[PDB]
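Undergrad: Below is one structure. I have some questions about it.
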Amino acid sequence: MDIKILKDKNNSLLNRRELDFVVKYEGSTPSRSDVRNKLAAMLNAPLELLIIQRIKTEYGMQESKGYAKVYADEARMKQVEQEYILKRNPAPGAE
Amino acid sequence: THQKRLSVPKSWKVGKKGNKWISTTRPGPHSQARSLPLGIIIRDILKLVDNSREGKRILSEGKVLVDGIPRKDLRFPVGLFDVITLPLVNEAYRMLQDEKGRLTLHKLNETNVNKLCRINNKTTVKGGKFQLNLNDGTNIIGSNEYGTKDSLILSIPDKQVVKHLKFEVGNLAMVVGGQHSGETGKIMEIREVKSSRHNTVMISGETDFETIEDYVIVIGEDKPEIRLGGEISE
Amino acid sequence: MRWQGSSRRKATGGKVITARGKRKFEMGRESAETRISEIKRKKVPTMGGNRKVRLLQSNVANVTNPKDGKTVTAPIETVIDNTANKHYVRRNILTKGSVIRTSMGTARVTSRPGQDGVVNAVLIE
Amino acid sequence: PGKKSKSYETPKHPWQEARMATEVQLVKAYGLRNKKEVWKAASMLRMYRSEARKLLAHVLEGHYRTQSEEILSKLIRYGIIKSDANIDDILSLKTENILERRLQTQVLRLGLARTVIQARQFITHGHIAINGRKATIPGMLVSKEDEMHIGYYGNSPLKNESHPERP
Amino acid sequence: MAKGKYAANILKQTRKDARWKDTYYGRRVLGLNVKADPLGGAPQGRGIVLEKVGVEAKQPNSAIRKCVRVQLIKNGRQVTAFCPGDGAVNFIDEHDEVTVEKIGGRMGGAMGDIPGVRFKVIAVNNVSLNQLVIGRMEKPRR
RNA sequence: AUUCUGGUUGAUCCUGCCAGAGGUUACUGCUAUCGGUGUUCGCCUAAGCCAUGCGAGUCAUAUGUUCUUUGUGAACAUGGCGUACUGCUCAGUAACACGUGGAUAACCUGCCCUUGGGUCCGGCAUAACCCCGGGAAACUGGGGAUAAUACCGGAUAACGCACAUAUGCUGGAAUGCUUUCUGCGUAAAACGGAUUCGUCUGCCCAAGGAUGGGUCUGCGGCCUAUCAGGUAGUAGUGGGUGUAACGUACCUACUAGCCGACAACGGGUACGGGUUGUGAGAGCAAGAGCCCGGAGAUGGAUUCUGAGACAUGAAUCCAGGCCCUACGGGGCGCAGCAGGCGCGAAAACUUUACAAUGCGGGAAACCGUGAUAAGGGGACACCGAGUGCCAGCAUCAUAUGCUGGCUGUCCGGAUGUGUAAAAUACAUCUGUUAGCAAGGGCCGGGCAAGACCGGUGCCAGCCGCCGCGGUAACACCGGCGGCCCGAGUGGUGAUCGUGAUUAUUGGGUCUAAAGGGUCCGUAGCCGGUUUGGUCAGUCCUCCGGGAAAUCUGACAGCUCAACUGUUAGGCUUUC
Ligand SMILES: [Mg+2]
């Protein structure tokens, strides 16, 4: 599975990084944890800190849209991000 | 106090997508016809917050200012020539009406800049005051030098007078309606044509024409005193 | 309560068939007529928190001399006459445009007591 | 309300012998399925023809130049008319160009399948792609620029050239 | 029919009066069709069969046309209904529930050599009488 | 594609309709794999009646009380705001109701907005709680304690009279604001709450705006004469009354008008428009759904509360039906969402979630939301696909053959993307002997298809129309065969076109239906050449408008597609 990132705008009004990238996966659309693990090494973002909102794969060609995000605080994520995103994004040791 | 997707105003540039209501603007100081929500502005034009909840959060946390006033409500109206200031990037934007009568935003350079208003009805508050029918900011309750339609300029956020931009024959003028919106040009003849409706005005910039006095803004002496046009960012 | 809605035929006598009910904003109150008695008023409310003062009885007036422009309060004794109704003179009703009799002199009521809350009468010259 | 009626048209008398013969010949030649497909292709044809009539009535004005050039630019994009064409060339437009712009016709004349219906099944069964897009639509409307990049899909078995039914 | 420039009123009046001589427009505006027909604009109906009559055909032709006599429940209107197909009276008897529809003949009226009959059966006990005539459905015992 | 075909005749021309042929709409017979788009699915009968759940609730930074899971955590009470906005329905309404252009200098506005001020003394109930209950319930009593942005009382304005005082707007234009002050009657607030004591948010007030709504009038749009007079508060003047405000809206004195034959009054019908159907167009027909305005809440009247209502989740009574009762009494009306009975030709789940978009609540964190979104179900409308492909070989030229393999768009599975979470969709893989996935009408003419074989004998039947059968039925029934359409295909209405069969464009009227018996003659309508003047229709042009939506084309983006955004046009019209 392969990833290339294009847009990394940082919102000054919240102190978070907007991660936009193209998922050049092969065959099976990768899960959110796997895409987070791959996207972490591209910009030095921990799993608890790096957050992804969608890995949306298109028809036909094995290319997907990844709208990931980065925060300088997990409490900031819990204050801003929705609870379904926090559940959907597995924390270190999460259940 | 609702408004629907289809019956969105003609001055609202945002499309007709979604599900019925699109962010009902308050009563506010400005007219509802030439007004956009600050939530809709920050969620469509600038793209600093995508959700309505996150927009309400960022507004409520004192992060966006409208002429130095950090409004916490996402339904605040915006009129023409309004300045939005964001200190964290030094992003300055001005409400402008393009050639189709719609409201857009032009980016400015400096964070600190004046705002332009206009005179609409000079009344007399009791106490020897010449009330100018002000609607926003602070001002000066002045004298008979301040006539109707004089298009005063005032600082931000203290809103003190910078320069009385009184109109005469030949002075600059910006259109605020019709098919000539945004075609700023010099005044040619401001004729006080007596009639039951309202008077008229002659203006010619790039091309000459006749325009109505309620569709003219006295926006400068000979050149733009305010930062009229910067960068048209969607 | 009275109905002040637009209900009196069209121009011809064709009876107007109402398509709407008696709306709340078309309901007018009763003509609280004023007489010569103990000075009595009521703070009836109206639209938008505007409690209009309605007078009912009064034997005093604010007679206003026109010769010197001096306003002095003198008692009302009798309505001399009235152009509006020939019966209010007999009833001692105090409507605007009537003529009262005071201690200062004969005066004409120049204020509507049912809307003004006072009886302001101009002293006739 | 705001709903939509059909796209194609219908004959006033529905059993014209020579007209039905031409319809069956076009359907069998180009590998079509429905009579309404030919009807809708002729409806796009008469759309271009009616736009041509509306423009050619005036005989090109400050804004009619735009309305008369945008259609010609789009058709040169799609190539239904000649490359060195004018407004008037659209008036003499037959539906073979429209059927040619159909992707089944394009793949049939690109030699990616022996027969037209085999081109149909190859396009629908992911055997025809364009730069990674596994498009499965016979009714796809492609450009001349679109035509060159067309090929087998990288996942479909015909990308490997071992197919016996394939040439 | 005045051809002057300022004569639109006369042409409008004379077109207004001449329109009434058409049967269709006058009968549409006057509402004779809604007032007349038992179904009242309903495309089909539902009536209780009462009596069965094999009514005769026209003068040149010669035949017996099986026509049930049915009274509607929506309106209580008594009419005559023609039951088509071979074995037509075999699948319908007295006191049934049968859908009825117009025969669809001349001007919406009676069709063919059937005199005085304008309604036809289309289904007996909410099942298609055409399929019973064909032989793909069976008559319910209800 | 600006379309013709059969029928009256022994045969022709023709007037003339009938029927044929295409849409669309409603309903429906037969029948059937799937996806996409969104603005459809109890309108047409019953605006009939409703069991059940639910749809508006929120406020710890207003006050007050008991716990703790110690936290903007919950329960109770006083109190503020909100529920008058959305949502539904389409009865009434032929109307300033509506579309559209103006007006309000004739008016009200809680929330919101900016500037100018102020935020002053007090008084002290009554809540939950305590003690006792009454009551079948609905409801709800007494005594004891007490608080607030609760409520009451007091000081500095507005309101109305009369004045003098300078352009301040608008400007034909004061009648308003007013510098005003004068005296005469004549008023408000919570120095509340929190804090990081930085400040934030609230109360009163004045001016204005904005928002909401009332009022107002030029103009635009039904059938009807087998509907000719209608109107007395009706038409108007003065003075009043009430109103938020103008007003016969009501009252008084008076005048004798007002509308109508260029259609008043009455009947018929109808939610209006944006628009929709259809046609080459002129037109013609309907305006259920998406948006704007209107009205309605079982029929009806009346009223409280509020800035705003005569309130869809307020009351009161009458009519009407129904309902819980311990028989003393007490409720209810789904034209709010699913659902039920009834009704009929005539339509769904008593699913999911506040994730988003909005709304009210909160200072905030946030909570509620049958609004909204998400689905389930209904041959809704449109669009896109597939059930086959396939070389070689054979007869009766396209059917199963014989054989050869080959693909997975469909169906089933796996796994992840994915949504609030689902499902579909989406990607790889892989399941298939390509087998599971086609029907529907019709075959004499009109009209594309059989003069092939038995049946029946003016019978059974067919038949939009024409026309068939009493003995050789290409006609009818099974068969055989064939034809057209296509997950669709027919039926009956309707309606448009056909049809120049309503004709201004664009028809006829000697003999086919049709010139009035003749004639005189008003409104209407049509009008000589000609000089002089105007420019109202008209003409070119300008400026204010004519909401979006839907329409057309393209671009951009959904895989093509329809569809969403930008944009150039259209309509909006005919001010
Ligand atoms: Mg009140």
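Each chain in the structure tokens gets a letter, A, B, ..., in the order shown, and its residues are numbered from 1; ligands are numbered from 1 in order too.
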Show which residues sit within 8 Å of residue 5 of chain C, as a list in words. Count only C-alpha atoms (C1' of nucleotides), and ignore same-chain residues fewer than 2 positions away.
TA: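 Once the nearby chain positions are removed, what remains is residues 3, 7, 22, 26 and 27 of chain C; 249 of chain F.
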Undergrad: Selection from above, N, CA, C and O atoms (P, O5', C5', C4', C3', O3' and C1' of nucleotides), as a PDB file, in the first residue's frame, can you write it?
TA:
```
ATOM      1  N   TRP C   3     -64.748  44.992  16.134  1.00  0.00           N
ATOM      2  CA  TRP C   3     -64.008  44.553  14.959  1.00  0.00           C
ATOM      3  C   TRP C   3     -63.817  45.731  14.013  1.00  0.00           C
ATOM      4  O   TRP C   3     -64.792  46.342  13.564  1.00  0.00           O
ATOM      5  N   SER C   7     -64.385  45.262   6.546  1.00  0.00           N
ATOM      6  CA  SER C   7     -65.661  44.621   6.229  1.00  0.00           C
ATOM      7  C   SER C   7     -66.722  45.695   6.042  1.00  0.00           C
ATOM      8  O   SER C   7     -67.461  46.018   6.972  1.00  0.00           O
ATOM      9  N   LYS C  22     -61.641  36.557  12.228  1.00  0.00           N
ATOM     10  CA  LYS C  22     -61.408  37.796  12.969  1.00  0.00           C
ATOM     11  C   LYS C  22     -60.013  37.737  13.572  1.00  0.00           C
ATOM     12  O   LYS C  22     -59.786  37.072  14.583  1.00  0.00           O
ATOM     13  N   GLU C  26     -56.983  43.079  14.458  1.00  0.00           N
ATOM     14  CA  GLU C  26     -58.108  43.882  14.008  1.00  0.00           C
ATOM     15  C   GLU C  26     -59.124  44.154  15.109  1.00  0.00           C
ATOM     16  O   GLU C  26     -60.165  44.761  14.836  1.00  0.00           O
ATOM     17  N   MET C  27     -58.861  43.715  16.337  1.00  0.00           N
ATOM     18  CA  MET C  27     -59.827  43.829  17.423  1.00  0.00           C
ATOM     19  C   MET C  27     -59.606  45.150  18.149  1.00  0.00           C
ATOM     20  O   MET C  27     -58.563  45.353  18.778  1.00  0.00           O
TER      21      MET C  27
ATOM     22  P     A F 249     -64.676  51.380   6.138  1.00  0.00           P
ATOM     23  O5'   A F 249     -64.112  50.435   7.287  1.00  0.00           O
ATOM     24  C5'   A F 249     -64.850  49.307   7.731  1.00  0.00           C
ATOM     25  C4'   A F 249     -64.743  49.126   9.224  1.00  0.00           C
ATOM     26  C3'   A F 249     -65.784  49.849  10.063  1.00  0.00           C
ATOM     27  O3'   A F 249     -67.005  49.141  10.150  1.00  0.00           O
ATOM     28  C1'   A F 249     -63.638  50.224  10.972  1.00  0.00           C
TER      29        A F 249
END
```
Undergrad: Please return as a PyMOL selection string the residues found within 12 Å of ligand 1, counting only C-alpha atoms (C1' of nucleotides) and all ligand atoms.
TA: (chain C and resi 24-25+27-29+43-52) or (chain F and resi 108+244+304-310)
Undergrad: Select from chain C every residue with an atom at most 7 Å from any atom of chain F, then for each give the shortest pair of atoms and their distance in Å to one decimal, using only C-alpha atoms (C1' of nucleotides), rows by chain and rising number, as CSV.
TA:
```
residue,atom,partner,partner_atom,distance
C:3,CA,F:249,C1',6.9
C:4,CA,F:249,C1',3.9
C:5,CA,F:249,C1',6.0
C:6,CA,F:249,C1',6.6
C:11,CA,F:259,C1',6.2
C:12,CA,F:259,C1',4.4
C:13,CA,F:231,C1',4.4
C:14,CA,F:265,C1',6.5
C:19,CA,F:93,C1',5.0
C:20,CA,F:295,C1',6.8
C:23,CA,F:310,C1',6.7
C:24,CA,F:310,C1',5.7
C:28,CA,F:243,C1',5.9
C:29,CA,F:242,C1',6.4
C:30,CA,F:242,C1',6.6
C:31,CA,F:242,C1',5.9
C:47,CA,F:244,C1',6.1
C:48,CA,F:307,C1',5.1
C:62,CA,F:184,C1',5.9
C:64,CA,F:162,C1',6.0
C:69,CA,F:163,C1',6.0
C:70,CA,F:183,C1',6.8
C:71,CA,F:184,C1',5.2
C:72,CA,F:184,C1',6.0
C:73,CA,F:184,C1',6.6
C:83,CA,F:239,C1',5.0
C:84,CA,F:239,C1',4.2
C:85,CA,F:252,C1',4.8
C:110,CA,F:161,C1',6.8
C:111,CA,F:161,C1',6.4
C:116,CA,F:160,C1',5.3
C:118,CA,F:185,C1',6.7
C:120,CA,F:161,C1',4.7
C:121,CA,F:161,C1',6.8
```
Undergrad: Report as CSV the residues of chain A within 8 Å of chain B, each with its shortest atom pair and distance in Å (one decimal), using only C-alpha atoms, ordered by chain and increasing residue number.
TA:
```
residue,atom,partner,partner_atom,distance
A:11,CA,B:48,CA,6.3
A:12,CA,B:88,CA,6.1
A:13,CA,B:63,CA,6.3
A:14,CA,B:58,CA,7.4
A:80,CA,B:54,CA,6.9
```
Undergrad: Just checking: using only C-alpha atoms, which residue out of A:62, A:10, A:44, A:31 ends up closest to residue 89 of chain A?
TA: A:31
Undergrad: Just asking: which residues within chain E are helix (DSSP H, G or I) according to DSSP, as a ChimeraX atom specification?
TA: /E:8-19,23-30,32-36,106-108,129-134
Undergrad: Mind checking DSSP for segment 48-121 of chain C and telling me the strand (DSSP E or B) residues as a PyMOL selection string?
TA: chain C and resi 52-57+60-64+71-82+98-102+106-109+121
Undergrad: Next, the residues of the selection above should be written as a compact mmCIF listing (two decimals), in the first residue's frame with N, CA, C and O atoms.
TA:
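Below you can see again.txt, which holds the result:
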```txt
# COMPACT_ATOMS: atom_id res chain seq x y z
N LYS C 52 -51.87 52.12 26.98
CA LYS C 52 -52.49 53.41 26.71
C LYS C 52 -53.38 53.80 27.88
O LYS C 52 -54.15 52.98 28.38
N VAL C 53 -53.25 55.04 28.32
CA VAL C 53 -54.05 55.53 29.45
C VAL C 53 -55.43 55.92 28.94
O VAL C 53 -55.57 56.72 28.02
N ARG C 54 -56.46 55.34 29.55
CA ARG C 54 -57.84 55.62 29.22
C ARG C 54 -58.51 56.29 30.41
O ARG C 54 -58.47 55.76 31.52
N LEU C 55 -59.11 57.45 30.18
CA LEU C 55 -59.82 58.19 31.21
C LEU C 55 -61.30 57.89 31.13
O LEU C 55 -61.85 57.64 30.05
N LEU C 56 -61.96 57.90 32.28
CA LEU C 56 -63.38 57.59 32.35
C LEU C 56 -64.21 58.70 32.97
O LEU C 56 -65.34 58.93 32.54
N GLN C 57 -63.68 59.38 33.98
CA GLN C 57 -64.39 60.44 34.67
C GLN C 57 -63.39 61.51 35.06
O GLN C 57 -62.24 61.21 35.37
N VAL C 60 -61.84 68.01 36.46
CA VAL C 60 -60.77 68.99 36.41
C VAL C 60 -60.26 69.04 34.97
O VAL C 60 -60.44 68.11 34.19
N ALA C 61 -59.61 70.16 34.63
CA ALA C 61 -59.06 70.31 33.30
C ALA C 61 -57.80 71.16 33.36
O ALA C 61 -57.58 71.91 34.31
N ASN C 62 -56.97 71.02 32.32
CA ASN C 62 -55.79 71.85 32.15
C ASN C 62 -56.13 72.95 31.14
O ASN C 62 -55.74 72.91 29.98
N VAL C 63 -56.87 73.94 31.62
CA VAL C 63 -57.31 75.04 30.76
C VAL C 63 -56.10 75.89 30.38
O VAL C 63 -55.28 76.25 31.23
N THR C 64 -55.98 76.19 29.09
CA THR C 64 -54.80 76.86 28.55
C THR C 64 -55.23 78.19 27.95
O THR C 64 -55.85 78.23 26.89
N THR C 71 -50.89 77.92 31.47
CA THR C 71 -51.66 76.71 31.72
C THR C 71 -51.93 76.59 33.21
O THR C 71 -51.00 76.50 34.02
N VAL C 72 -53.21 76.59 33.59
CA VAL C 72 -53.63 76.43 34.97
C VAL C 72 -54.74 75.39 35.02
O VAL C 72 -55.55 75.30 34.10
N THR C 73 -54.75 74.60 36.09
CA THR C 73 -55.71 73.50 36.23
C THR C 73 -56.96 74.01 36.93
O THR C 73 -56.92 74.38 38.11
N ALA C 74 -58.09 73.99 36.22
CA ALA C 74 -59.36 74.46 36.74
C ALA C 74 -60.42 73.37 36.58
O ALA C 74 -60.36 72.58 35.64
N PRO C 75 -61.39 73.33 37.49
CA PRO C 75 -62.36 72.23 37.47
C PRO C 75 -63.33 72.32 36.29
O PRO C 75 -63.70 73.40 35.84
N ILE C 76 -63.73 71.15 35.81
CA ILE C 76 -64.76 71.03 34.78
C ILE C 76 -66.11 70.95 35.46
O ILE C 76 -66.28 70.23 36.45
N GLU C 77 -67.08 71.69 34.94
CA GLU C 77 -68.42 71.74 35.50
C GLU C 77 -69.47 71.15 34.58
O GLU C 77 -70.29 70.34 35.03
N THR C 78 -69.49 71.54 33.31
CA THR C 78 -70.48 71.06 32.36
C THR C 78 -69.90 71.16 30.96
O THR C 78 -69.09 72.05 30.68
N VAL C 79 -70.28 70.23 30.10
CA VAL C 79 -69.99 70.34 28.67
C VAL C 79 -70.98 71.32 28.06
O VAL C 79 -72.20 71.12 28.14
N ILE C 80 -70.47 72.39 27.45
CA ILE C 80 -71.34 73.40 26.85
C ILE C 80 -72.05 72.84 25.63
O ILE C 80 -73.26 73.01 25.46
N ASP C 81 -71.31 72.17 24.75
CA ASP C 81 -71.87 71.58 23.54
C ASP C 81 -70.80 70.68 22.92
O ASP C 81 -69.72 70.51 23.48
N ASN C 82 -71.13 70.11 21.77
CA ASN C 82 -70.19 69.25 21.05
C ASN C 82 -70.68 69.06 19.63
O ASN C 82 -71.87 68.82 19.39
N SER C 98 -65.21 69.06 21.99
CA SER C 98 -66.34 69.56 22.75
C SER C 98 -65.99 70.90 23.37
O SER C 98 -64.89 71.44 23.18
N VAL C 99 -66.93 71.47 24.12
CA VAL C 99 -66.69 72.72 24.84
C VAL C 99 -67.11 72.51 26.29
O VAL C 99 -68.29 72.26 26.56
N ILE C 100 -66.16 72.61 27.20
CA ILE C 100 -66.43 72.43 28.61
C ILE C 100 -66.57 73.81 29.25
O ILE C 100 -66.25 74.83 28.66
N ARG C 101 -67.07 73.82 30.49
CA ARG C 101 -67.14 75.03 31.29
C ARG C 101 -66.27 74.82 32.52
O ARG C 101 -66.47 73.87 33.27
N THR C 102 -65.30 75.71 32.72
CA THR C 102 -64.38 75.63 33.83
C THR C 102 -64.59 76.82 34.76
O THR C 102 -65.48 77.65 34.56
N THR C 106 -65.01 79.40 29.77
CA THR C 106 -65.39 78.41 28.78
C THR C 106 -64.17 77.99 27.96
O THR C 106 -63.36 78.83 27.55
N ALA C 107 -64.04 76.69 27.74
CA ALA C 107 -62.91 76.14 27.01
C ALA C 107 -63.40 75.00 26.14
O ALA C 107 -64.47 74.43 26.36
N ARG C 108 -62.60 74.66 25.13
CA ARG C 108 -62.88 73.54 24.25
C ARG C 108 -61.84 72.45 24.46
O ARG C 108 -60.64 72.73 24.55
N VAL C 109 -62.31 71.21 24.55
CA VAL C 109 -61.40 70.08 24.73
C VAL C 109 -60.61 69.89 23.44
O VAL C 109 -61.19 69.74 22.36
N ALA C 121 -57.88 71.10 27.88
CA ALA C 121 -58.83 71.98 27.21
C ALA C 121 -58.20 73.35 27.01
O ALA C 121 -57.64 73.93 27.94
```
Undergrad: With a distance threshold of 7 Å and counting only C-alpha atoms (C1' of nucleotides), extract the residues of chain E near chain F and express them as a VMD selection string.
TA: chain E and resid 4 7 18 to 19 41 to 45 61 to 63 85 to 86 101 to 102 104 to 106 112 128
Undergrad: Between chain F and chain D, at 8 Å or less, what are the per-residue closest atom pairs and their distances in Å? Count only C-alpha atoms (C1' of nucleotides), order by chain and rising residue number, and return it as a Markdown table.
TA:
```
| residue | atom | partner | partner_atom | distance |
| --- | --- | --- | --- | --- |
| F:21 | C1' | D:13 | CA | 5.3 |
| F:22 | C1' | D:12 | CA | 4.5 |
| F:39 | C1' | D:2 | CA | 6.4 |
| F:275 | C1' | D:1 | CA | 7.8 |
| F:276 | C1' | D:1 | CA | 6.8 |
| F:289 | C1' | D:1 | CA | 7.0 |
| F:290 | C1' | D:1 | CA | 6.2 |
| F:381 | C1' | D:3 | CA | 6.5 |
| F:382 | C1' | D:4 | CA | 6.1 |
| F:385 | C1' | D:137 | CA | 7.2 |
| F:389 | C1' | D:118 | CA | 6.1 |
| F:390 | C1' | D:165 | CA | 6.5 |
| F:391 | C1' | D:165 | CA | 7.0 |
| F:405 | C1' | D:164 | CA | 7.3 |
| F:406 | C1' | D:165 | CA | 6.0 |
| F:407 | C1' | D:125 | CA | 6.4 |
| F:408 | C1' | D:125 | CA | 6.1 |
| F:409 | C1' | D:125 | CA | 4.6 |
| F:447 | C1' | D:15 | CA | 7.0 |
| F:448 | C1' | D:15 | CA | 5.7 |
| F:486 | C1' | D:34 | CA | 7.4 |
| F:550 | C1' | D:2 | CA | 5.4 |
| F:553 | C1' | D:71 | CA | 6.8 |
| F:554 | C1' | D:70 | CA | 5.9 |
| F:559 | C1' | D:135 | CA | 5.6 |
| F:560 | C1' | D:140 | CA | 3.8 |
| F:568 | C1' | D:66 | CA | 7.0 |
| F:569 | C1' | D:67 | CA | 7.7 |
```
Undergrad: Using only C-alpha atoms (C1' of nucleotides), which protein or nucleic acid residues come within 9 Å of residue 131 of chain D? Drop anything in the same chain fewer than 6 positions from it, and give the result as a ChimeraX atom specification.
TA: /A:61 /D:149-151,153
Undergrad: Could you jot down the atom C1' of residue 302 of chain F to atom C1' of residue 318 of chain F separation for me, Å, one decimal place?
TA: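 So the two atoms, atom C1' of residue 302 of chain F and atom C1' of residue 318 of chain F, lie 11.2 Å apart.
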